[PDB]
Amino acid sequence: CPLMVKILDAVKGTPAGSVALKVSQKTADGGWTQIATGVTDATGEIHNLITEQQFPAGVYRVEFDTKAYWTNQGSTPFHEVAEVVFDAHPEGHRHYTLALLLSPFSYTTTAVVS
């Protein structure tokens, strides 16, 4: 699996479970095609989110529904959504992990690329 996520909750010190997300692929005319959806497990991960065949070189957008997460936690969040947008070059079996650390009024995101 070439695309992994890891979401953490900075208030509770746990992974962020049951966060919905959407993966979209940029098209030649600059629009977006949705190619996958998923919900994190209790470890803040989505196993087998997409296949290598579904992940050619191109720009991708991962939309995390953080507002619903915080609302369900009982906190009022600032952000309507958290989007991560990046150009992927998966040649050579290159894999991407998107890490996201959530607080109600902040988030940190980073990427680990191997």
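Residue numbers run from 1 along the displayed sequence.
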The stretch carrying the higher mean Cα B factor in the deposited entry, 2-10 or 105-113, is 2-10
Using only the Cα atoms and their B-factors as the entry lists them, report which of 79-87 and 46-54 averages higher.
46-54
By the CA temperature factor listed in this entry, which of these ranks top: 37, 40, 71, 33?
33
Determine, from the deposited record, the chain-internal third of the Cα B-factor for residue 25: lowest, middle or highest.
highest
